[PDB]
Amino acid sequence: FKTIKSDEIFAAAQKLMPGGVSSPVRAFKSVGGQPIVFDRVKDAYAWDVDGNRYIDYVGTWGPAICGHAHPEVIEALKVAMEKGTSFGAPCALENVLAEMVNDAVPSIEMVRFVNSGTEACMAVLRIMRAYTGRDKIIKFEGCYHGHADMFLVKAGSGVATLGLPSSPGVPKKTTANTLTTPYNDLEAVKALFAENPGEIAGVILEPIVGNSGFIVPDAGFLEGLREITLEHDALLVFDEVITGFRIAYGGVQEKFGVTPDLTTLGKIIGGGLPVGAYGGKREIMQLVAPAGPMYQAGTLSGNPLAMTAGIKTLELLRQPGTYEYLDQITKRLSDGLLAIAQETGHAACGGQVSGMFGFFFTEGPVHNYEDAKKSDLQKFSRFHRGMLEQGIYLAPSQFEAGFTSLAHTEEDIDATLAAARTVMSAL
């Protein structure tokens, strides 16, 4: 297994960019170090600059649900770019994607496109406060909503993997506006409202968690949050940047039947290009400029290429058997992983919903960030590198959910379980 080319490029990168990466998680610091440099991706695979091929379960962190470089998406982009990549003015494509999102997501009646999940989360945070007139927000430990200042509190994703404290650079005054509580803990949420009567703008969370490992909400958790937010006239906000269009066409809110007041979208809606969006009840979205006083702008927002990619991706997701297929192969993958762990004598737990899964090296069960942190990180680090060597590319962190795509074949799953057997038998 050669990684000479990757080591070379990464070494040079560290002298040009912080940590030699554009995003912290790509770091490999908790997986051993030695990230692999990608050259190209297609369908369910990724190829190294060293020539190594991998069955990819990261899907560029969610966007590639239809498989990498889907021919229809590529074709749509090639035709579209001939008309220019950015206008800086309205175009018909924005209307089309807007309508598609509105029809797809239950809580969304009006939507505003942005360029990332971070921007969408920044905006929704600002809108929640402007609409309610309250400054406090409730978020859960282990959840991640982009790097906006107020979100850098008990955050997951790269924050968790790197084991850093609430990030510095954010003033004390702003941080005081973020109340945290353990995921799946309704009682802790009620206490926060009781201790801050009339100050909570609302509750934001990943309806299904992917940033502190894969975590599904307990029975009644989402329902409870909906109930109490309504009780105190606070907003319930679903960050479906990862779950949107992956858990179901309408995301978690649709599958689990709980309608929030606002939801953030990203990843999949961009089809592989930078795209984010936030929407919800019409009367709340009315506050967004230029319709309302809440100024939020974006030069590249709604650019024709991004809209094109998003539109084609959603159209492909509307075809027959899409989500059934995702659940079929992912359930077999997840079940197989757990069966193998047990057979090879390693404590483990996990689960999956549609094309989203998780696998932790701990007996669990895992209901929150604390439980997930019981995972044997050193064993995970060995497992990950071993899988890499067997041709399987997993997220380089125990605290990141894995993803499958429509391009993953039954054969790909077979090969992945075979690799898992080989690696875990040697762990």
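Each residue number is its position in the shown sequence, starting from 1.
If you average the C-alpha B-factors over 303 to 311 and over 193 to 201, the higher value belongs to 193 to 201. Across the two stretches, 354 to 362 and 32 to 40, the PDB entry reports the greater mean Cα temperature factor for 32 to 40. Based on the entry's C-alpha B-factors, the most elevated value among 324, 187, 239, 94 belongs to 187. Which of 222, 248, 159, 316 has the largest Cα B-factor in the deposited entry comes down to 159. In the PDB entry, a CA B factor belonging to the middle third of its chain's modelled residues is recorded for residue 272. In the deposited entry, the Cα temperature factor of residue 21 places it in the lowest third of its chain's modelled residues. Among the modelled residues of its chain, residue 154 has a C-alpha B-factor that falls in the highest third, as given in the PDB entry. The deposited CA B-factor of residue 113 belongs to the lowest third of values across its chain. Placement of the Cα temperature factor of residue 83 within the chain: lowest third of the modelled residues, per the deposited record.
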